[PDB]
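Asker:
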Amino acid sequence: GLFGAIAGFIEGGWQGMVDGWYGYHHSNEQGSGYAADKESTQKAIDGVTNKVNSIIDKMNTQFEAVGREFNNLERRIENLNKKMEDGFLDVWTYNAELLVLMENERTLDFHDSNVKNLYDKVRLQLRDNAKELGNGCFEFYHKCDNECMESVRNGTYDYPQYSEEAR
Amino acid sequence: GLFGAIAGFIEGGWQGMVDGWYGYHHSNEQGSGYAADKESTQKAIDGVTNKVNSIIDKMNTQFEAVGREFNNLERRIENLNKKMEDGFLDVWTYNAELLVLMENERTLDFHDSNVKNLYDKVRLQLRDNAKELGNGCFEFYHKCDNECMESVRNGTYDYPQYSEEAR
Amino acid sequence: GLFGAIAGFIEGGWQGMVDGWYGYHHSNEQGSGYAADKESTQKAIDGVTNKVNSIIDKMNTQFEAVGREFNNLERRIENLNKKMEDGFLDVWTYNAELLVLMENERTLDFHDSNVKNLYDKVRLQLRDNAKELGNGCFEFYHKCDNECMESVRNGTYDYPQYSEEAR
Amino acid sequence: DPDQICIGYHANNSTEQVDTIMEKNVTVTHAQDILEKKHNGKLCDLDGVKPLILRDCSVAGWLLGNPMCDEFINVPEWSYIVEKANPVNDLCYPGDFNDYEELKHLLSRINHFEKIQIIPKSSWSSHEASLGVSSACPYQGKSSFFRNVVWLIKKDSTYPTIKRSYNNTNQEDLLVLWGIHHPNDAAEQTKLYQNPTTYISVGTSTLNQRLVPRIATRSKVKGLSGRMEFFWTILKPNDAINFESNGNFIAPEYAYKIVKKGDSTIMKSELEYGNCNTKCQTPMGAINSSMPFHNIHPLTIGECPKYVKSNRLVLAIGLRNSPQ
Amino acid sequence: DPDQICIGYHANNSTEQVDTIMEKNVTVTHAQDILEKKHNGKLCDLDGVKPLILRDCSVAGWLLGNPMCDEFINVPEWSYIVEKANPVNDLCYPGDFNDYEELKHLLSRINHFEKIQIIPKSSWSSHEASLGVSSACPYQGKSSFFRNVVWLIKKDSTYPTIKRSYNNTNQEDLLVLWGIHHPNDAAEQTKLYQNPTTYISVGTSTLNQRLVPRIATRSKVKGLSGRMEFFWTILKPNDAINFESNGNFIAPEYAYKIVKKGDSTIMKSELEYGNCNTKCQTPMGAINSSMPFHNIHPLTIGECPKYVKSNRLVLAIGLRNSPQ
Amino acid sequence: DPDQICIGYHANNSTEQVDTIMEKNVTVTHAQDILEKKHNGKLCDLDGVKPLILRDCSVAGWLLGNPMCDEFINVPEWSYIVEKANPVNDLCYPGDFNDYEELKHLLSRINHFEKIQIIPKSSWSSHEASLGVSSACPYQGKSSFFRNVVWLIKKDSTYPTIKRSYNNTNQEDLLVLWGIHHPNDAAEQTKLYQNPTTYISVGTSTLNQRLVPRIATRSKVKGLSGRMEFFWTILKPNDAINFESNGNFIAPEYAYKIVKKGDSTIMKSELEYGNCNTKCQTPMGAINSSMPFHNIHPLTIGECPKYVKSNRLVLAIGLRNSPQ
Ligand SMILES: *[C@@H]1O[C@H](COC2O[C@@H](C)[C@@H](O)[C@@H](O)[C@@H]2O)[C@@H](O[C@@H]2O[C@H](CO)[C@@H](O[C@@H]3O[C@H](CO[C@H]4O[C@H](CO)[C@@H](O)[C@H](O)[C@@H]4O)[C@@H](O)[C@H](O[C@@H]4O[C@H](CO)[C@@H](O)[C@H](O)[C@@H]4O)[C@@H]3O)[C@H](O)[C@H]2NC(C)=O)[C@H](O)[C@H]1NC(C)=O
Ligand SMILES: *[C@@H]1O[C@H](COC2O[C@@H](C)[C@@H](O)[C@@H](O)[C@@H]2O)[C@@H](O[C@@H]2O[C@H](CO)[C@@H](O[C@@H]3O[C@H](CO[C@H]4O[C@H](CO)[C@@H](O)[C@H](O)[C@@H]4O)[C@@H](O)[C@H](O[C@@H]4O[C@H](CO)[C@@H](O)[C@H](O)[C@@H]4O)[C@@H]3O)[C@H](O)[C@H]2NC(C)=O)[C@H](O)[C@H]1NC(C)=O
Ligand SMILES: *[C@@H]1O[C@H](COC2O[C@@H](C)[C@@H](O)[C@@H](O)[C@@H]2O)[C@@H](O[C@@H]2O[C@H](CO)[C@@H](O[C@@H]3O[C@H](CO[C@H]4O[C@H](CO)[C@@H](O)[C@H](O)[C@@H]4O)[C@@H](O)[C@H](O[C@@H]4O[C@H](CO)[C@@H](O)[C@H](O)[C@@H]4O)[C@@H]3O)[C@H](O)[C@H]2NC(C)=O)[C@H](O)[C@H]1NC(C)=O
Ligand SMILES: CC(=O)N[C@@H]1[C@@H](O)[C@H](O[C@@H]2O[C@H](CO[C@]3(C(=O)O)C[C@H](O)[C@@H](NC(C)=O)[C@H]([C@H](O)[C@H](O)CO)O3)[C@H](O)[C@H](O)[C@H]2O)[C@@H](CO)O[C@H]1O
Ligand SMILES: CC(=O)N[C@@H]1[C@@H](O)[C@H](O[C@@H]2O[C@H](CO[C@]3(C(=O)O)C[C@H](O)[C@@H](NC(C)=O)[C@H]([C@H](O)[C@H](O)CO)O3)[C@H](O)[C@H](O)[C@H]2O)[C@@H](CO)O[C@H]1O
Ligand SMILES: CC(=O)N[C@@H]1[C@@H](O)[C@H](O[C@@H]2O[C@H](CO[C@]3(C(=O)O)C[C@H](O)[C@@H](NC(C)=O)[C@H]([C@H](O)[C@H](O)CO)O3)[C@H](O)[C@H](O)[C@H]2O)[C@@H](CO)O[C@H]1O
Ligand SMILES: *[C@@H]1O[C@H](CO)[C@@H](O)[C@H](O)[C@H]1NC(C)=O
Ligand SMILES: *[C@@H]1O[C@H](CO)[C@@H](O)[C@H](O)[C@H]1NC(C)=O
Ligand SMILES: *[C@@H]1O[C@H](CO)[C@@H](O)[C@H](O)[C@H]1NC(C)=O
Ligand SMILES: *[C@@H]1O[C@H](CO)[C@@H](O)[C@H](O)[C@H]1NC(C)=O
Ligand SMILES: *[C@@H]1O[C@H](CO)[C@@H](O)[C@H](O)[C@H]1NC(C)=O
Ligand SMILES: *[C@@H]1O[C@H](CO)[C@@H](O)[C@H](O)[C@H]1NC(C)=O
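Listed in order, the protein sequences are those of chains A, B, C, D, E and F.
For the first sequence, the numbering used here assigns the number 310 to the last residue and increments by one with no breaks.
For the second sequence, the numbering used here assigns the number 310 to the last residue and increments by one with no breaks.
For the third sequence, the numbering used here assigns the number 310 to the last residue and increments by one with no breaks.
For the fourth sequence, the numbering used here assigns the number 342 to the last residue and increments by one with no breaks.
For the fifth sequence, the numbering used here assigns the number 342 to the last residue and increments by one with no breaks.
For the sixth sequence, the numbering used here assigns the number 342 to the last residue and increments by one with no breaks.
1. Counting along the chain, where does the alpha helix (DSSP H) carrying B:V258 start and finish?
2. Measuring only the C-alpha atoms, how far is D:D37 from D:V44?
3. At 3 residues or longer, and completely inside the region 48-132 of chain D: list those beta strand (DSSP E) runs for me, N to C.
4. Buried or exposed for F:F90, please, with buried defined as at least 16 other CB atoms from any protein chain shown within 10 angstroms of its CB.
5. Could you tell me whether any Cβ in chain C is nearer than 7 Å to the Cβ of B:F281?
6. Could you tell me whether the region 295-308 of chain A touches the region 41-59 of chain D, using the rule of 3 or more Cβ pairs below 8 Å?
7. Any idea if D:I52 is buried or exposed, counting beta-carbon neighbours within 10 angstroms, 16 or more meaning buried?
8. List, in order along the chain, the chain D residues whose C-beta lies closer than 7 Å to that of C:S197?
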């Protein structure tokens with residue numbers, strides 16, 4: 144996909160992360176587990192929900208009464224109605240089908256962007272204190288216990304505290 | 144946003160940069176200030192202007208005369224006109240509203256891309272001679288006077304000249 | 144463009160790479176040449192082909208018979224048909240013209256993404272064993288013969304094998 | 019073993035697929051269809067005024083009081099009219115209804131409707147008013163006629179020239195119906211009406227009509243080569259309708275007070291009333307939906323989604339999910 | 019302190035907001051509305067030919083010369099016609115205008131228009147031509163009539179059969195108007211025209227018409243139970259119109275040379291002329307705009323933006339800008 | 019010199035350009051136009067039933083058998099009708115065709131069509147059937163008439179009242195045509211038909227018609243001030259048409275069995291048949307295309323792309339390519 148993360152350098156999704164769309168998996172001497180990124184997940188939910196609601200709510204609906212009220216010597220007028228009806232059907236059918244195709248592409252690429260952006264936020268905190276493995280994971284050059292792991296997830300990782308043990 | 148820079152790792156915009164859309168802020172022993180990137184700004188202006196003009200200019204406009212010329216025993220034909228008029232109103236209303244929503248998303252993401260691309264151009268020139276702080280800024284490991292700063296902005300930064308003082 | 148690679152940090156295309164859309168150029172003591180990335184090229188071909196076919200195949204086409212069957216004392220009805228015909232012409236003309244403009248932007252940005260993603264795949268394999276020049280090229284700190292070059296292209300580059308000679 | 023932190027995304031057991039512009043059949047974690055495909059299979063009120071459901075009668079048979087129709091039950095307002103595709107009981111006595119389609123359109127949606135007697139059947143002192151019957155219009159095994167109009171014939175070999183007026187003293191428009199009989203030949207003409215050369219003149223403040231019977235050798239329809247031709251007008255408050263005739267006159271007895279606000283149309287459907295309410299009615303059932311599109315039926319009445327030729331419009335909500 | 023260089027973007031004092039597909043109310047540095055919402059409040063020329071503005075007359079009253087209308091001022095061309103919603107002066111003598119809506123459509127846009135005398139009022143030697151007046155059509159406190167046609171009556175208890183022709187020797191189509199009077203009864207019929215059974219035959223190379231007066235007891239309208247019914251045709255160059263009648267004939271005196279290029283329609287508006295020019299006219303004012311959409315009024319004449327139900331269509335130009 | 023590996027993309031010698039929303043005239047490596055601009059310049063079969071091509075005759079001249087038309091060749095089915103813009107041979111004897119446009123629409127697409135004799139020309143024993151000719155309808159330098167109907171006149175200074183029936187014993191609907199002659203004056207009336215006051219009554223199970231000749235002083239058209247006016251009906255299987263007349267009757271000899279499935283329309287074109295097949299026909303040629311849009315002509319018959327006002331719709335396929 145467009146941003147290279149989902150089904151890209153991050154090769155697959157996690158069945159084990161049940162409480163959010165995007166997040167983290169850690170492994171250290173104390174254990175391992177998944178933690179959702181609450182903020183990015185909620186923003187994404189709001190974003191996609193807004194898109195769907197706009198597609199729905201921007202439609203202007205008005206009362207119409209559609210019947211067949213012309214007689215056997217009014218076939219030319221009845222044909223005028225046919226062309227109009229068929230014309231609007233063709234317009235709405237094409238526009239609805241393409242809208243769905245195009246917006247589905249946008250939605251999937253939006254998730255991909257969201258994951259890439261989360262990845263990069265971590266990358267720039269860790270910098271030289273961890274190895275970038277190329278698969279979505281970072282391998283620490285120092286011990287990173289649970290409190291350390293949480294500091295990375297909450298964006299307060301203290302690089303100067305660990306640089307010595309990393310080198 | 145999609146590219147992660149605007150209101151992302153670059154957390155806010157600069158009131159102080161008045162003469163362009165994207166650019167640089169420097170701080171050294173000689174002082175500080177803002178400089179617009181002329182090239183990226185102009186290309187972006189041309190790009191957005193073209194989009195707006197296309198939305199405007201691609202509309203086919205033709206002469207029509209819209210009145211109500213059917214009588215009290217021509218109500219079925221008058222209803223045919225109603226359905227047509229209302230039908231085109233619904234089509235143009237939906238298409239115009241969604242067009243605006245969708246193109247506004249594109250425009251904001253385009254600016255974000257433009258900023259990310261400018262950032263990356265600098266990043267790759269500086270490489271190992273500066274620290275990437277994660278907030279849009281680079282912290283030099285050497286003195287970078289005004290001429291040095293201009294070399295970065297004009298894309299002619301000489302890495303080999305400073306590598307020794309940086310290490 | 145949006146992803147910064149095509150006509151960006153990779154300044155121009157290669158006439159010399161005839162057998163694919165995206166790929167690699169290598170230079171070593173044994174010689175030089177171009178190799179297409181088969182996988183990314185094929186996926187891109189499938190992707191663009193699908194888009195074109197969707198634009199074509201999602202159109203609903205039905206039989207209609209368009210003539211001028213109203214007489215000299217049926218001009219008000221004939222005008223109703225005019226407004227309808229002209230109305231559908233304006234709708235299809237606008238939607239077709241913008242569709243082409245918008246999808247062309249998507250297509251060009253898709254190619255750009257595909258190139259950026261290929262670049263990044265290489266970048267993350269090589270890491271510290273090569274210099275990132277900023278122009279799409281990597282300059283090895285070790286000798287990389289033809290077998291080594293192929294390992295990079297097929298995504299099996301062995302970093303630990305060369306790290307010592309690189310340092 | 020060194021410690022690791024990884025970035026990743028949600029997967030689940032969903033097999034739901036969507037299509038994108040570049041790729042078909044992409045499995046995702048969650049999706050949402052925006053095409054309405056369901057209806058309740060019933061004919062309902064519309065906002066929420068009941069329709070007029072004519073069962074096996076046409077609008078004309080209902081208005082004129084075709085005796086083969088069900089007895090007239092007062093429905094003082096309705097939102098749309100439902101007829102069967104081919105109502106069995108239309109014009110029992112063969113013939114025609116002038117400007118019939120415009121009348122049906124006018125009656126499609128009505129805010130007030132009330133049948134009133136305007137010319138008592140008993141008031142025809144100089145003509146025979148109880149012999150205007152036909153085997154074509156039976157009621158209970160006996161020849162009868164449209165119940166709301168009167169087929170007058172001669173009395174004592176005399177048909178005096180009729181001069182009758184009705185003044186609309188009501189505060190509402192009045193729908194008035196009358197007819198002319200077209201006999202088979204001159205011998206029949208004089209048998210029924212005495213006078214060989216006849217007319218029906220009808221005048222209001224806007225109407226200026228003079229009908230004359232056309233003789234033609236016509237095909238027997240239900241045993242009859244004769245024809246009835248019906249006409250109508252809207253008599254405004256304080257206006258008067260004036261009839262004059264020396265034969266062939268099918269006179270009004272009852273007319274209808276009407277109040278007209280909006281219009282709708284005539285729905286063709288074989289369904290019966292379903293004691294429900296809706297914003298959007300189709301001939302095979304009502305739609306209750308805020309979705310933008312539907313694929314049920316084109317002949318809708320109400321505020322409906324946009325009709326499309328599609329089996330599904332499925333939006334991705336969640337993320338790319340490995341398929342099964 | 020180490021030296022720094024930073025990448026960033028423009029912000030300003032803008033509080034302008036836009037909506038995007040994923041987020042509402044995004045504040046940006048610059049935006050542009052593409053919906054036209056303004057008009058000049060005036061009725062203008064169209065490209066730039068003046069409209070025909072009928073003030074308080076209908077097209078029929080204007081054509082026939084209803085005396086209650088303003089005196090005929092020659093306007094030799096126009097782009098569209100403006101009537102008030104309910105023109106007070108239409109048919110002063112009650113009645114009807116045949117194929118009136120088609121005639122109005124034909125006259126909506128005209129390239130040349132010129133009233134000419136085709137049958138002098140003074141040429142009726144065998145009939146009375148100066149008594150065809152009515153209290154329903156006053157001019158200056160005295161009974162009069164439509165000024166462009168002549169209500170002929172008997173002279174010396176005689177109405178000789180009229181045989182009159184006009185040949186279109188002009189190089190332009192000619193709009194010709196005539197009428198028939200429908201009296202109240204036979205006593206009135208013979209009082210005005212002597213002859214009890216009358217006709218009006220009208221023939222051209224295409225027209226083959228025979229009118230007969232219909233008697234009906236009609237409601238008094240402006241004190242009158244009589245009716246006038248008007249007819250028209252387009253007489254081609256070198257064709258002749260031939261009238262024949264022995265009563266009830268409302269004869270032409272004046273007709274109109276016309277040159278027809280395009281069509282437009284009849285605009286209903288209460289506004290007066292505003293000495294302006296425009297490409298797009300609405301009934302509440304003209305639009306001067308290159309914008310793709312507008313929300314002013316659906317009943318437009320000209321080359322207009324697309325009409326939508328929207329209060330704003332605002333495009334982002336600049337960047338996300340911190341709100342206030 | 020150190021070893022290098024580089025990432026890059028394809029370029030070629032293409033000068034093809036496209037436009038994008040943000041940038042015009044972008045040169046790319048490969049592109050594809052989705053606008054159909056080509057046609058074959060021929061009139062073709064449609065799916066694949068041949069059209070009825072009338073050469074220099076109108077539908078009316080063809081149906082009635084205008085002798086100036088080409089002799090009737092049986093075409094038992096067709097998909098659409100082609101007329102020239104202005105067919106030279108229409109009604110040889112001047113006049114009119116009632117409900118002509120509806121009839122043309124009905125005949126636009128026909129599944130079965132077969133001319134049959136319904137009333138032999140030889141069966142008119144009491145009237146003259148071989149003198150109904152005119153210089154306006156020549157065949158081979160001699161006065162003639164529409165070949166499918168018969169202009170009856172008096173015989174031995176007598177025109178007995180006609181009473182004729184035809185019963186549709188066929189299994190298909192029957193299109194029946196007749197006419198009335200409108201003479202110039204009473205002297206001509208009695209010269210042709212003896213009787214001064216005449217009628218034509220026509221009845222079926224649905225039709226109830228009575229025509230009377232209108233006298234008018236009309237302009238000579240092709241030397242003639244007389245007029246023929248034609249009428250038609252669809253006679254259902256097992257129904258009978260009954261004619262009665264004492265003058266002015268233009269009788270049927272031939273009628274047409276028809277089977278009606280779909281409809282199409284009348285195409286106006288100056289092209290001839292091209293021995294081809296197509297799904298989409300235009301008046302200047304047929305389209306064979308699966309493209310979504312075309313710009314050839316709006317007056318198409320068939321399953322066509324969407325008509326647009328555009329010179330090109332070019333999609334990028336390949337990549338940005340340096341221009342020349
Ligand atoms: C349909 O019906 C409308 C109402 O009809 C009715 O009023 C009277 C006539 C009764 O029949 C009653 O039963 C019924 O409800 C009708 O209207 C009436 O039209 C009449 C036409 O002439 C008119 O009659 C005249 O009334 C004059 C008095 O008018 C004043 O007083 C009225 C009562 O208060 C008031 O409504 C008026 O506004 C006004 O102030 C009389 O002086 C007239 O004189 C007589 O004229 C007769 C012949 O016309 C002669 O016989 C007499 O010698 C004398 O000369 C006359 O009676 C009545 O006023 C109208 N009423 C209203 C409310 O308008 C309407 O015309 C009918 N519609 C038709 C036919 O199309
Ligand atoms: C409407 O008007 C058209 C023009 O009318 C006029 O021409 C004449 C008749 C005058 O009335 C004049 O004031 C007016 O402008 C009209 O047309 C004319 O139709 C006439 C019908 O017969 C026709 O008259 C005939 O003309 C013959 C000569 O024709 C030659 O010369 C003409 C003058 O140069 C020329 O225009 C012609 O092209 C041609 O070269 C005569 O020889 C005819 O003979 C006479 O016929 C009379 C009865 O018909 C008898 O009384 C005589 O004994 C003799 O036999 C005859 O006069 C005239 O030529 C037509 N002119 C044109 C330009 O076409 C048109 O018919 C009118 N439209 C209607 C009625 O629908
Ligand atoms: C158009 O044509 C339809 C078919 O016409 C034909 O049938 C007969 C009449 C011949 O003319 C034949 O050449 C032609 O194909 C027509 O229909 C017929 O309408 C007739 C109207 O009366 C009707 O005739 C009656 O038939 C009775 C017998 O009916 C039984 O037998 C028939 C033959 O097997 C069968 O089709 C019927 O279903 C039924 O079982 C007779 O007993 C009737 O009695 C006579 O009535 C006469 C006057 O009406 C008197 O002269 C006699 O004294 C006696 O009283 C009578 O003959 C015939 O049955 C109908 N046939 C069908 C198939 O329906 C149709 O009416 C025509 N359409 C019109 C006019 O609009
Ligand atoms: C009153 C009566 O019975 N008169 C006899 C005629 O009916 C009969 O002619 C036959 O008429 C048949 C149809 O009969 C009715 C009907 O429609 O039912 C009988 C009705 O009473 C009569 N109604 C009135 C108001 O007159 C009605 C009416 O006359 C016609 O419909 C008018 O068009 O006719 C059927 O048409 C038969 O074809 C026909 O023979 C004759 C028998 O010769 O005698 C009459 O006394
Ligand atoms: C000439 C005259 O005054 N004749 C007397 C009749 O007018 C009068 O009948 C009354 O007529 C009233 C309307 O009067 C006019 C009119 O419309 O103004 C008077 C016009 O002069 C007359 N015009 C012509 C050309 O004849 C006109 C015309 O006859 C009718 O409109 C034709 O339908 O009538 C009004 O209708 C009254 O209701 C009516 O009583 C009678 C009185 O008995 O005497 C006539 O001599
Ligand atoms: C039979 C014949 O020749 N009768 C003489 C009239 O024709 C002639 O009047 C002239 O008629 C001219 C047109 O002649 C035809 C025609 O249309 O060709 C001749 C046809 O034979 C005749 N057909 C029939 C069935 O009667 C036809 C028909 O009467 C009319 O079209 C009916 O409207 O007329 C042309 O109109 C001339 O203007 C006219 O003088 C007169 C001469 O006075 O003598 C007749 O004996
Ligand atoms: C899929 O997962 C959901 C959430 O745990 C569960 O409710 C549902 O039953 C699962 N589907 C299966 C087991 O087929
Ligand atoms: C997508 O799915 C449908 C079955 O639901 C199948 O018929 C179609 O061929 C599939 N298309 C592709 C490209 O796999
Ligand atoms: C916002 O900034 C512009 C540009 O300096 C200025 O012209 C405008 O007045 C400012 N708005 C204020 C002060 O409200
Ligand atoms: C956006 O702005 C309008 C006021 O201009 C407000 O009514 C609406 O609720 C806002 N929506 C959101 C989601 O803030
Ligand atoms: C462009 O390149 C193609 C592929 O080699 C070649 O077939 C074509 O002739 C070239 N165009 C020229 C030489 O103008
Ligand atoms: C794009 O190309 C056309 C010629 O094909 C030219 O007329 C037009 O001006 C060009 N536009 C730009 C912006 O270069």
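Backbone N, C-alpha and C fix where the C-beta goes; we use that ideal spot for every residue, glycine too.
Answerer: Taking the geometry as given:
1. On the second sequence, residue 258 of chain B is found 115 positions in, with the first residue counted as 1. Per DSSP, B:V258 belongs to the alpha helix (DSSP H) from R218 to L269.
2. Residue 37 of chain D sits at position 19 when you count from the first residue of the fourth sequence. Residue 44 of chain D sits at position 26 when you count from the first residue of the fourth sequence. Taking the straight line from one Cα to the other gives about 6 Å.
3. 49-51, 61-64, 99-101 and 113-115
4. Taking the first residue of the sixth sequence as position 1, residue 90 of chain F is located at position 72. Per the 10 Å Cβ criterion, exposed.
5. Numbered from its first residue, the second sequence carries residue 281 of chain B at position 138. Closer than 7 Å: no.
6. no
7. Within the fourth sequence, numbered from 1, the residue matching residue 52 of chain D stands at position 34. Buried.
8. Position 54 of the third sequence, counting from 1, holds the residue named residue 197 of chain C. Neighbours of C:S197 in chain D, taken as residues at a C-beta separation under 7 Å, are given in chain order as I39.
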